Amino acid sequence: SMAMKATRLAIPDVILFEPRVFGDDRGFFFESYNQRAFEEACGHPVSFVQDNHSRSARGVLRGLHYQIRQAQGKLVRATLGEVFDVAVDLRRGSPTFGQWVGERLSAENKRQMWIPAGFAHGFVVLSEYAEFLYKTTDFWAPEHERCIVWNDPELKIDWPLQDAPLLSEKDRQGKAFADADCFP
């Protein structure tokens, strides 16, 4: 059968997916999501209630974001360009608390990352432009939104960046990891 390669990252609950793309003389076709395969690799049920689509110029960084209530599990990919995509483990009781994982996702490699509730998430744009799409397990709730600053010295994330990133003001004003609201 044809489906989707699944790899658990250094932080096992983070999973990297890679789809099969079928070519023919009209162009191509692939399954960007399949609930049977996803729940099989995930090991538990999931419902996605919202899909999001953003476009960002080279050097833009969005993160590090989470919702401390109505927490959102996220399945993410890029359909134009390339990003470096990061997950940070904010579960105090996890043995990988304060650790992070990062992978390059692009329109061309078509790779995806599953990021469970309990994590902060961010990405930075490496190409001229990038369009970034993702599905979430709960709805947008601004009152519950939190942020950790991208260049926190305790987290020490190895961003593959050349120039200083462009950020929203609320991302520039992100909290230090030591002062941040974390999960159990």
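Definition used throughout: the rigid core is the maximal C-alpha set that superposes within 1.5 Å between two forms. In case it trips you up, residue 1 is the first one in the sequence shown, and so on.
Looking at 23 to 31 and 39 to 47, the one farther from the shown form in 4 other deposited structures of this protein by average CA distance, after a rigid core fit, turns out to be 23 to 31.
Comparing 126 to 134 with 141 to 149 by root mean square Cα distance to the shown form in 4 other deposited structures of this protein, with the rigid core used for the fit, gives 141 to 149 as the more displaced stretch.
If you average the C-alpha B-factors over 147 to 155 and over 37 to 45, the higher value belongs to 37 to 45. Note on 165 to 173 vs 21 to 29: mean CA B-factor is higher in 165 to 173.
When the CA B factors of the chain's modelled residues are split into thirds, the value for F119 lands in the lowest one. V60 sits in the lowest third of its chain by CA B factor, as recorded in the PDB entry. For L133, the recorded CA B-factor ranks within the highest third of the chain. Only modelled residues enter the ranking.
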